[PDB]
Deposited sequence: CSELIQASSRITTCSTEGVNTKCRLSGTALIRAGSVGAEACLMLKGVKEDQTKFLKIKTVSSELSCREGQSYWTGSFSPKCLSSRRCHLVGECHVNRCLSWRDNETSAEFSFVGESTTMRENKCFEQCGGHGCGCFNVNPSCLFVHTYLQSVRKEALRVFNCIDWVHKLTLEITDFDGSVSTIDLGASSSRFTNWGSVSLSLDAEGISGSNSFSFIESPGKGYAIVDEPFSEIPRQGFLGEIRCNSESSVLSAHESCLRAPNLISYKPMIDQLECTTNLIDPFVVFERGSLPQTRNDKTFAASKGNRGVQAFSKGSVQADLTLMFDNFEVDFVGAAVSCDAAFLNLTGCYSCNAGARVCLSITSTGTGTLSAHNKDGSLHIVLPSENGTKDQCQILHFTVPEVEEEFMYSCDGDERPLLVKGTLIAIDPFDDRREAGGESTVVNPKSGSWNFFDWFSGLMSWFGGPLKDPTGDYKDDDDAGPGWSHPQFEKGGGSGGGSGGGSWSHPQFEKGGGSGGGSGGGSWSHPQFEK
């Protein structure tokens, strides 16, 4: 039992059209995941007692997605062919006037594709030193196309709506147990009265913008940066498509930021390169579950989308109404014993460090702990028995040694969170790909 009640009152409710019903009313807080109000009720005018438990099972924010695109890993492949001045297409203005969608006759053997591709021409040296009788600039013709490095894609998306669901477990007067789902300003009729989410203060808060990646059949990941609305070089989605299949085939309908392919002309040699963000590196770094500002992001039931779970404290008021019954008393909290187990993770990182505790109690409650200056907060569930419970904290030193005071009933006792965390070196998701061209013999 948890101490959850904030207020208790009697209310008369009349049906205007004219019957009147008298109800006892209790304003309780959800408190935290696992918290449970134990209520014994007394009849208002009659001498009867009833029993009722209301338990906070979970607090979830469902991500309703907005804009979405597919991306992946890409790499360039080059065809090259240099002609002397006055040979082939290498006359006067042609090379310098070349268009990205004009294919040189040097590459006629190439059939038409539906692939992301471009064409270039670079003036090179002339004269004997470059195998030409003519001294004017020779023409290095280049045809390039993109290919998927691996035959799998990633779907990147933003979250526009975070829809709250507060799941409650209610043990009614008859002892029957039901699950009640409540949204914002929602009220549910029960056989003993009603229960309503009368004030909801749950929501995504903080100073960071973020988005998510779906890896088909391999889960989700968080991107700790704002969603990129258009293709931009140096950003995730600098190459993007409208389908999973178009990423795999590097289809021409994909969008890409300007100038993503580099060229290094070397007379008869030529390197075509890219320096793209590796989205799979991004995915592995932010692989769910991830916790940010006490919100745990993970895949929903059936891997349909992402959700933010509260695993500890919950900020929601619940108004209970009991027909013809009012509060006699509430169940008292019981103490719990907590022992530090381990601390694992990194410091100065978004993911943070995982602290695990062993919790022993004789009833369902909530462990609440804090460091001295109150900069750190631990909130974990307790029950009749002994379970390990973990959560994420964020530190900024390698050698952590911080004392906490904890309790489930208000009688605080010391607990030392001690461990070694690792550093994460500054990183760069860009990876060079590509290389020398395939040299075509002159025709």
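Undergrad: Would you mind checking the deposited sequence against the model and listing the stretches with no C-alpha coordinates?
TA: Unobserved in coordinates, per deposited numbering: 18-20, 447-531.
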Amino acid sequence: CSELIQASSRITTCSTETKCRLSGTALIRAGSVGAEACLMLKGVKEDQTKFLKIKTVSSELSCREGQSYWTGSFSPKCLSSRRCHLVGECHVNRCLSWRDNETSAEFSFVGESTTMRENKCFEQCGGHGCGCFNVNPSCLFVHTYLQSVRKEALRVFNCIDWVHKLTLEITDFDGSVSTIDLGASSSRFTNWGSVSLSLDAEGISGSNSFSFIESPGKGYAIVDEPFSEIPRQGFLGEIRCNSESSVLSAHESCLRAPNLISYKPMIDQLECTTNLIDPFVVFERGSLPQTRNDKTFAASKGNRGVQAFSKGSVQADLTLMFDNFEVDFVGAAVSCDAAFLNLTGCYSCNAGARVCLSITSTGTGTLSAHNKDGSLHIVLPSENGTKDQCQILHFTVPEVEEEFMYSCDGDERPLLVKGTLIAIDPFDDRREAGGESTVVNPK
From here on, numbers count along this sequence of modelled residues.
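Undergrad: Please work out which of 345-353 and 295-303 has the higher mean CA B-factor as recorded in the PDB entry.
TA: The recorded data point to 295-303.
Undergrad: Tell me which stretch, 328-336 or 194-202, has the higher mean Cα B-factor listed in the entry.
TA: The stretch with the larger mean CA B-factor is 328-336.
Undergrad: Among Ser209, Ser187, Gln315, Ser75, which residue carries the highest C-alpha B-factor recorded in the PDB entry?
TA: Among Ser209, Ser187, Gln315, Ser75, the highest C-alpha B-factor in the entry belongs to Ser187.
Undergrad: Which one, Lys151, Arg155, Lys264, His164, has the peak C-alpha temperature factor per the PDB entry?
TA: Most elevated C-alpha B-factor of the set, per the entry: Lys151.
Undergrad: Which third, lowest, middle or highest, does the CA B-factor of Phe395 fall in along this chain?
TA: Lowest third of the chain for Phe395's C-alpha B-factor.
Undergrad: Per the entry's values, where does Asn275 land by CA temperature factor relative to the rest of its chain, in the lowest, middle or highest third?
TA: Lowest third.
Undergrad: With respect to C-alpha B-factor, does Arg10 fall in the lowest, middle or highest third of the chain as deposited?
TA: Middle third - that is where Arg10 ends up once the chain's C-alpha B-factors are sorted.
Undergrad: By its CA B factor, does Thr144 count among the lowest, middle or highest third of the modelled residues in the chain?
TA: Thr144: CA B-factor falls in the lowest third of its chain.
Undergrad: Comparing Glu102 with the other modelled residues of its chain, is its CA B-factor in the lowest, middle or highest third?
TA: Highest third - that is where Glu102 ends up once the chain's C-alpha B-factors are sorted.
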